[PDB]
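Novice:
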Amino acid sequence: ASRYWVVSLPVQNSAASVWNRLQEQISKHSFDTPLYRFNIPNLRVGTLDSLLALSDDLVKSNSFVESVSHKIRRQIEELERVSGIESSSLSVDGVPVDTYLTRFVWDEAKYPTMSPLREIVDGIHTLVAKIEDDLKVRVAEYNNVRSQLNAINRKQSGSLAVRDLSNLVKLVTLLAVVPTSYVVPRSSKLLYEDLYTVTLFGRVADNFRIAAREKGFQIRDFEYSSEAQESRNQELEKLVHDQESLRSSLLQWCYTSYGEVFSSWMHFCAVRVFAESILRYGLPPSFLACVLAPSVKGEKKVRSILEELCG
Amino acid sequence: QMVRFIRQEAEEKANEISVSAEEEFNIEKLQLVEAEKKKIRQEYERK
């Protein structure tokens, strides 16, 4: 998927034409930059030591967000049936990417406490970790289903080395010798063709051994009753269908968890807005930056505009 | 041709089993006909 791409600028360091022009009427419209934002400050902010601790923990928060993003982009997509949750279905904080990135409403009481965010950030991180753990549980279930997939049906289609009971003829044994007269009633022909059958009888072992493995190429043994092979094939088909359903229904829940993780990442970006505001401005949360996924030219223009607060 | 030989084999097995049973039958009969001179020393000699 896409990693974090939010800009860093406090309320006092807006890069637009005006301080309040970051949301709209900025020069970014001329350059077609998709940047958008909306303020959503917390109830209160911590002290300078609390701000430094939050800045230190922001690295761990970003690492957790990256882990969640990698899990969502890998586990769902690899199943080839879980990527059906679009941006609207995976809307962050209930709003699509068009509106989720244009506001910080995820700072409401769902993941944080709408309060001093020094511990609310850690609580939201723990909630996102729980969501990622649920996604990992879904991925493990998908892996176990895939283990149920590629079942006994993966063997040969009968009259061969493996799963040859499905092509059995059901004193005689399953031989299916692929490329005789005696006292025994060797005048017989089994139905062991997926292969060929040969004259054999159990009354005298000479004809049976001659037909089975005595000369030429030795035949391959198989289960006498084809009912067991049919049951195994049916179980394999059922397991494959269950794996496909899990990749389509259980992995649909995984995609829903991925949308929840996107909401958690939106909340993390909302928290990081206040973190940057504290880092490069006063303690109270107030930011005028923007979050989007622009082109290289738009980012360069934004950096040229904001060079007054360059890194 | 060995389909009839299966009947012969079964008859031979049954004959062997019956011969063993008859051979043990004499011993079983003698187990009661004989040694009762000892058991009568407890069943009635006690009286």
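Chains A and B supply the protein sequences, listed in that same order.
For the first sequence, the working numbering gives the first residue as 24, with consecutive numbering after it.
For the second sequence, the working numbering gives the first residue as 1147, with consecutive numbering after it.
We put the CB at the ideal spot given by N, CA and C, even for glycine.
Hey, would you say A/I99 sits closer than 8 Å to A/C277, going by beta carbons?
Specialist: Here residue 99 of chain A refers to the residue found at position 76 of the first sequence. Here residue 277 of chain A refers to the residue found at position 254 of the first sequence. Yes, these two residues count as a Cβ contact at 8 Å.
Novice: Looking only at its own chain, which residues have a Cβ that is under 8 Å from the Cβ of A/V162, when we skip the five neighbours before and after it?
Specialist: Position 139 of the first sequence, counting from 1, holds the residue named residue 162 of chain A. Spatial neighbours of A/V162 in its own chain (CB-CB distance under 8 Å, excluding positions within 5 residues in sequence) are listed in chain order as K94, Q98, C277.
Novice: Assuming residue 340 of chain A is part of the alpha helix (DSSP H), what are its boundary residues?
Specialist: Residue 340 of chain A lies beyond the range of chain A shown here (24 to 334); nothing can be said about it.
Novice: Just the Cα atoms here: how many angstroms apart are A/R60 and A/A293?
Specialist: As a working note, residue 60 of chain A is residue 37 in the first sequence. As a working note, residue 293 of chain A is residue 270 in the first sequence. If you take the alpha carbons of A/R60 and A/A293, they lie about 10 Å apart.
Novice: Going straight from the alpha carbon of A/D265 to that of A/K159, what length do you get?
Specialist: Here residue 265 of chain A refers to the residue found at position 242 of the first sequence. Here residue 159 of chain A refers to the residue found at position 136 of the first sequence. Their Cα atoms are separated by approximately 19 Å.
Novice: Between the stretch 185-218 of chain A and chain B, which residues of the former have a C-beta closer than 9 Å to a C-beta of the latter?
Specialist: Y205, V206, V207, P208
Novice: What residues from the stretch 221-235 of chain A come within 7 Å of chain B, judged by C-beta to C-beta, listed N to C?
Specialist: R226, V227
Novice: Using a Cβ-Cβ cut-off of 8 Å, state whether B/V1149 counts as contacting chain A.
Specialist: Walking along the second sequence from the start, residue 1149 of chain B turns up at place 3. For B/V1149, the nearest CB of chain A lies under 8 Å from its own CB, placing it at the interface with that chain.
Novice: What residues in its chain sit with their C-beta under 7 Å from that of A/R209, if we drop five residues either side in the sequence?
Specialist: Counted from its first residue, the first sequence places residue 209 of chain A at position 186. Answer for A/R209: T203, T222, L223, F224, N230, listed in chain order.
Novice: So is the beta-carbon of A/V263 under 7 Å away from any non-hydrogen atom of the ligand GDP?
Specialist: The ligand content of the structure shown is nil, which means the ligand GDP is not present either.
Novice: Can you tell me where the alpha helix (DSSP H) with A/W288 in it begins and where it stops?
Specialist: Against the first sequence, residue 288 of chain A aligns to sequence position 265. Element bounds for A/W288: 274-303.
Novice: Classify B/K1184 as buried or exposed, calling it buried when 16 or more other Cβ atoms lie within 10 Å of its own Cβ.
Specialist: The residue you call residue 1184 of chain B lines up with position 38 of the second sequence. B/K1184 is exposed by the Cβ-count criterion.
Novice: Which ranges does the beta strand (DSSP E) cover as unbroken runs of at least 3 residues, wholly within the stretch 151-209 of chain A, from first to last along the chain?
Specialist: none
Novice: Confirm, please, whether the CB-CB distance from A/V168 to A/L269 is below 8 Å.
Specialist: Here residue 269 of chain A refers to the residue found at position 246 when the first sequence is read from its first residue. Here residue 168 of chain A refers to the residue found at position 145 when the first sequence is read from its first residue. Taking 8 Å as the Cβ cut-off, A/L269 and A/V168 qualify as a contacting pair.
Novice: Going by C-alpha distance, which of A/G305, A/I328, A/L140 is nearest A/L66?
Specialist: Counting from 1 along the first sequence, the entry for residue 66 of chain A is found at position 43. Closest by alpha carbon: A/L140.
Novice: Taking the Cβ atom as the reference point for each residue, do A/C313 and A/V41 lie within a distance shorter than 8 Å?
Specialist: Translated into the one-based positions of the first sequence, residue 313 of chain A becomes position 290. Translated into the one-based positions of the first sequence, residue 41 of chain A becomes position 18. No. Outside cutoff.
Novice: I'd like to know whether the C-beta atoms of A/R26 and A/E89 end up nearer to each other than 8 Å.
Specialist: Indexing the first sequence from 1 puts residue 26 of chain A at position 3. Indexing the first sequence from 1 puts residue 89 of chain A at position 66. Yes, these two residues count as a Cβ contact at 8 Å.
Novice: Can you give me the Cβ contacts of A/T220 inside the same chain, cut-off strictly under 6 Å, excluding the 5 residues immediately before and after it?
Specialist: Locating residue 220 of chain A in the first sequence gives position 197, counting from the first residue. These residues qualify, in order along the chain: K212, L213.
Novice: Tell me A/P33's beta-bridge partners as DSSP assigns them.
Specialist: Reading the first sequence from its first residue, position 10 is the one you call residue 33 of chain A. Its beta-bridge partners are A/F310.
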